[PDB]
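Asks: as a preliminary step, the opening chains of the complex are given here in situ:
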Amino acid sequence: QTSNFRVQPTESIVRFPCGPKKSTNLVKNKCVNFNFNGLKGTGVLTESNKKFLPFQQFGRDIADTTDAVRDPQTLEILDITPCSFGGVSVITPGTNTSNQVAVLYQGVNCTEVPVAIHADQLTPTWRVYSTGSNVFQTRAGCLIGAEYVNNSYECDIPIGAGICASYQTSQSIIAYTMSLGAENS
Amino acid sequence: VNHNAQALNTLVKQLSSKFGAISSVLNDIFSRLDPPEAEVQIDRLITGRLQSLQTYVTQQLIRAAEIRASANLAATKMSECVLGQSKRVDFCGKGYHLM
Amino acid sequence: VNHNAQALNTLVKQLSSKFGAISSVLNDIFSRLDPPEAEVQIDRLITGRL
């Protein structure tokens, strides 16, 4: 494990209810920074259908975290889903044998992988064409750098949810659905 | 399932505790004050959240030992009651064990 | 019986420990000080007993 996957805000919206000195815009479906009347945070401002009891301005989940905010002048109910949070997991065959790796992102669709790792100088510049091919979507995230086959072998390196991976055959990393044993009657 | 969901809900509900500091929001600590005197408040919050994480992990280790004792018993019962016939009294049910 | 009684005597003799605070009797902190600068020793005692 190397917990790295943090997607980043593209822009900021400091929308105010047709008032104090300014209002910016409303944005949907993308990873943004929001400050609705002093509510600084990072999220995805997708719309919703929650009846919101007109004096109320905030919404909370089970764990008292800010969930749905009304539009302050358009008066429409918008969810907060903070775009963040994966884990990078690294599949290697051992460095004495090869130096090529495969990378698992633990909980995402990787229609939306390619944006960012960002801490100090770790950076998008690996990623901008290393998405490419060899992208396989599992139920344990999605896996980059390994090629799916229809054979069924013994488990060598356990990815998860019934998927294992190995290194063989112009050698490469393969990923397969693991086999339980020899068939018998 | 109830113990696992209960421990996770306890761990996420302990993020709103101040532990004696003035706030539970980090930007309100970095606004409204100055950093050499906010430094002791964020050390108070970091030490409180670290003790919350450590006391989560300790009960997870104790419960994992309990589940491991139960799983070793289930592996013994599968080897001895399912894959064979047992002579041990009340190990595979009440009465003389058939299968 | 010995380990249970010994753990309970350890728990009741840990109520005499200052844990870096100015006293171990609570009214001594709540008298003779202003409560904004008495709150810190109360937080030290509540943490250390906890």
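Replies: Received, thanks. Numbering: from 1, shown residues only, chains lettered A, B, ... in the order given.

Asks: which one is whatever residue of chain B ends up closest to chain A nearest to, not counting chain neighbours?
Replies: Nearest to chain A, among the residues of chain B, is residue B:12, at 4.3 Å (Cβ to the nearest Cβ). Yep, even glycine has a C-beta here, placed from its N, CA and C like the rest. With sequence-adjacent residues excluded and distances taken as Cβ to Cβ, 6 or more residues apart in numbering or on different chains, residue B:12 is closest to residue A:63, at 4.3 Å.

Asks: which residues does the one you found contact?
Replies: Residue A:63 sits next to B:9, B:12, B:13 when contact means Cβ atoms under 8 Å, 6 or more residues apart in numbering or on different chains.

Asks: which strands and helices sit next to the longest helix seen in chain B?
Replies: Counting residues, the longest helix found in chain B (DSSP state H) is helix B:35-77. In terms of contacts (3 or more Cβ pairs under 8 Å, 6 or more residues apart in numbering or on different chains; DSSP states H and E), helix B:35-77 is packed against helix B:2-13, helix B:26-30.

Asks: next, the angle from it to helix C:35-49.
Replies: Angle between the axes of helix B:35-77 and helix C:35-49 is 20 degrees (criterion: axes from the mean of the first three to the mean of the last three Cα atoms, to 10 degrees).

Asks: and helix B:35-77, how far out from the chain's middle?
Replies: In terms of Cα atoms, centre = their mean, to the nearest Å, the centre of helix B:35-77 is found 6 Å from the chain centre.

Asks: got the contacts of residue A:63 as TSV, with neighbour count and distance to residue A:179 columns?
Replies: Formatted as TSV, the contacts of residue A:63 follow (neighbours: other Cβ atoms under 10 Å in any protein chain shown; distance: Cβ to Cβ, whole Å):
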residue	neighbour count	distance to residue A:179
B:9	12	39
B:12	13	39
B:13	12	44
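
Asks: before we move on, back to that, deepest in the core, which of the helices and strands packed on helix B:35-77 is it.
Replies: helix B:26-30 (a mean of 13; mean count of other Cβ atoms under 10 Å in any protein chain shown).

Asks: what's next to it, contact-wise?
Replies: A:40, B:21, B:22, B:23, B:38, B:41, B:42, B:45.

Asks: out of the residues you listed, which is most surrounded?
Replies: Ranked by neighbour count (other Cβ atoms under 10 Å in any protein chain shown), the contacts of helix B:26-30 have residue B:45 at the top, with 21 neighbours.

Asks: from residue B:11, how far out is the spatially closest residue to it that is not a sequence neighbour?
Replies: In space, residue B:45 comes closest to residue B:21 once its chain neighbours are excluded; the distance is 5.4 Å by Cβ to Cβ, 6+ apart. According to Cβ to Cβ, to the nearest Å, residue B:21 stands 19 Å off from residue B:11.

Asks: chain D follows; place it on the structure:
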Amino acid sequence: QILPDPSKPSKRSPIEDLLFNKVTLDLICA
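Replies: With chain D added, the chains above now look like this:
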């Protein structure tokens, strides 16, 4: 009642179906 039932898409026995329905597993997103 213990052998697998080939009609259902999850090839489980009827007893395993009742054991799966009686254990009930959003707070997950929070």
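
Asks: repeat for the contacts of residue A:63, accounting for chain D.
Replies: Contacts of residue A:63 (Cβ under 8 Å, 6+ apart): B:9, B:12, B:13, D:27, D:30.

Asks: and residue A:50, by the same measure?
Replies: So residue A:50 contacts A:59, A:68, A:77 (Cβ under 8 Å, 6+ apart).

Asks: quick one, what contacts residue A:59?
Replies: Shown in contact with residue A:59 (Cβ under 8 Å, 6+ apart): A:50, A:52, A:66, A:67, A:68, A:69, A:80.

Asks: the same query, at a cut-off of 6 Å, please.
Replies: Residues counted as contacts of residue A:59 (Cβ atoms under 6 Å, 6 or more residues apart in numbering or on different chains) are A:67, A:68.

Asks: what about it, distance to residue A:41?
Replies: Residue A:59 is 13 Å from residue A:41, where distance means Cβ to Cβ.

Asks: where along chain D do the helices fall?
Replies: D:14-21.

Asks: point out the residues in it that sit beside chain A.
Replies: D:27, D:30 (Cβ under 6 Å from any Cβ of the partner chain).

Asks: if we can go back for a sec, just give me the closest of the contacts of residue A:50 to residue A:183.
Replies: Of all the contacts of residue A:50, residue A:68 has the smallest distance to residue A:183: 52.3 Å, by Cβ to Cβ.

Asks: what sits against that closest one?
Replies: A:48, A:50, A:59, A:77, A:79.

Asks: buried set for stretch B:82-90?
Replies: Judged by neighbour count (16 or more other Cβ atoms under 10 Å in any protein chain shown), stretch B:82-90 contains these buried residues: residue B:86.

Asks: in PDB, list the C-alpha atoms belonging to it.
Replies: Only the C-alpha atoms of stretch B:82-90 are listed here, as PDB (Å, rounded to 0.1, in the frame of the first residue of the first chain):
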ATOM      1  CA  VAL B  82     -18.100 -33.400   8.400                       C
ATOM      2  CA  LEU B  83     -15.100 -35.200   7.000                       C
ATOM      3  CA  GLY B  84     -15.400 -38.100   9.500                       C
ATOM      4  CA  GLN B  85     -17.400 -39.500  12.400                       C
ATOM      5  CA  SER B  86     -16.700 -38.300  15.900                       C
ATOM      6  CA  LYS B  87     -16.600 -40.100  19.200                       C
ATOM      7  CA  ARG B  88     -16.300 -37.000  21.400                       C
ATOM      8  CA  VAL B  89     -19.400 -36.400  23.500                       C
ATOM      9  CA  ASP B  90     -21.500 -33.300  22.600                       C
END
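
Asks: pull the residues that contact that stretch.
Replies: With contacts defined as Cβ under 6 Å, 6+ apart, stretch B:82-90 is touched by B:80, B:92, B:97.

Asks: can you add neighbour count and distance to residue A:127 and give those back as a markdown table?
Replies: Formatted as a markdown table, these follow (neighbours: other Cβ under 10 Å; distance: Cβ to Cβ, whole Å):
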| residue | neighbour count | distance to residue A:127 |
| --- | --- | --- |
| B:80 | 16 | 54 |
| B:92 | 19 | 57 |
| B:97 | 17 | 61 |
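
Asks: chain E follows; place it on the structure:
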Amino acid sequence: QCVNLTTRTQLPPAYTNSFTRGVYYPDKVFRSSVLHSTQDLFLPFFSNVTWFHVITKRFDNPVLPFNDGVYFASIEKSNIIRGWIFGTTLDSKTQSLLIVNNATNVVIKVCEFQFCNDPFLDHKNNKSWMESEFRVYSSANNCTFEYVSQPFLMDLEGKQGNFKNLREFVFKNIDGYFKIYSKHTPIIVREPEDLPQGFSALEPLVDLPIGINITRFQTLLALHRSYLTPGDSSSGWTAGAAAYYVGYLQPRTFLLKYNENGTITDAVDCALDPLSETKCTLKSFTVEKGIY
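Replies: Alright, chain E goes in next:
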């Protein structure tokens, strides 16, 4: 200037019971299908709630103290209960607050008014029962705050029929800051004794930063007079059947059941009886068999 009103009838107070009433929203927050524990100032469940009635002539205008917030309610048909005064001295020596909810404007005034000691609500009513005189105060020396909110509209007719309105009002003072919560609802005609069993939540309406010291309050009526009402401004009046209910708020913990729409539909008082206290410490609305 006013003439002091006389022929008042003194009665012992008739009491009743508050049948799970007076639960508001403490916060500005939508919550969905959760159970939240709020420690605030409420009317306790099954509390000992006062009753006054107005038809000599059954004059109920007491000077009531305002200790820590007041539940006020009225089951009513033709808008007789219209106003409130608040304060300590009420005689142009200290700042006094005034709310008047008439058919024209919701008027809030904070000033050193020289109130009449039992104020005139004269209402020289012909076939249109219109207010012709307003002698509640007389003067204003040096004072700041006045405010008018959005009114809602009343008939101002002398109805003697059936009650259908149930007005509910909550008055609070937090950090020099006056909160008015409300619920106005239609009520069925029933036996005219008390408020029935039921539950409803109370959305906030009027929030105001006055910052004065409030000790007592007193209700401003709207008396109606007619050709069956002979007499002067202090003795001769017949109002018709009206009633109001005064309950007092206490620092209590409640357990609130928010619905999927954000309206709380059920509450649990936490120090009433041990079954509800078990429901508090389990954070549930049903309790499985056992010992806790």
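
Asks: same question on the contacts of stretch B:82-90, but now with chain E added
Replies: B:80, B:92, B:97.

Asks: what backbone torsions are found at residue E:7?
Replies: With angles defined as degrees, to the nearest 10, residue E:7 sits at phi 40, psi 60.

Asks: what sits against it?
Replies: Residue E:7 sits next to E:56, E:235 when contact means Cβ under 6 Å, 6+ apart.

Asks: residue nearest the centroid of chain A?
Replies: Taking Cα atoms, centre = their mean, the centroid of chain A lies closest to residue A:108, which sits 4.0 Å from it.

Asks: what's the burial count for residue E:21?
Replies: 23.

Asks: need the phi and psi values for it.
Replies: Here is the backbone geometry of residue E:21 (degrees, to the nearest 10): phi -130, psi 150.

Asks: what about it, distance to chain D?
Replies: Distance check for residue E:21 against chain D: by Cβ to the nearest Cβ, to the nearest Å, it reads 33 Å.

Asks: nearest to residue A:155, of the contacts of stretch B:82-90?
Replies: Using Cβ to Cβ, residue B:80 comes nearest to residue A:155 of the contacts of stretch B:82-90, at 27.0 Å.

Asks: ok, that closest one - contacts?
Replies: Contacts for residue B:80 (Cβ under 6 Å, 6+ apart) come out as residue B:86.

Asks: measure it to chain D for me?
Replies: Going from residue B:80 to chain D by Cβ to the nearest Cβ gives 19 Å.

Asks: go on, residue E:86?
Replies: According to Cβ to the nearest Cβ, residue E:86 stands 43 Å off from chain D.

Asks: who does that residue form a beta bridge with?
Replies: residue E:97, residue E:217 (DSSP bridges).

Asks: so it makes contact with residue E:217?
Replies: Yes - contact criterion Cβ atoms under 6 Å: residue E:86 and residue E:217 qualify, at 4.8 Å.

Asks: which stretches of the stretch 101-250 of chain E form strands?
Replies: Here the stretch 101-250 of chain E has its strands, by DSSP state E, counting those that start in this stretch, at E:106-111, E:113-120, E:135-140, E:145-148, E:165-174, E:177-186, E:201-208, E:216-220, E:242-248, E:250-258.

Asks: alpha carbons of the third one, as PDB, please.
Replies: Presented in PDB, the C-alpha positions along strand E:135-140 are these (Å, rounded to 0.1, in the frame of the first residue of the first chain):
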ATOM      1  CA  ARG E 135     -54.900  54.100  23.900                       C
ATOM      2  CA  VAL E 136     -52.200  51.700  25.000                       C
ATOM      3  CA  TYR E 137     -49.300  54.100  25.400                       C
ATOM      4  CA  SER E 138     -49.000  57.900  25.600                       C
ATOM      5  CA  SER E 139     -45.400  59.000  25.100                       C
ATOM      6  CA  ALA E 140     -41.900  58.300  23.800                       C
END
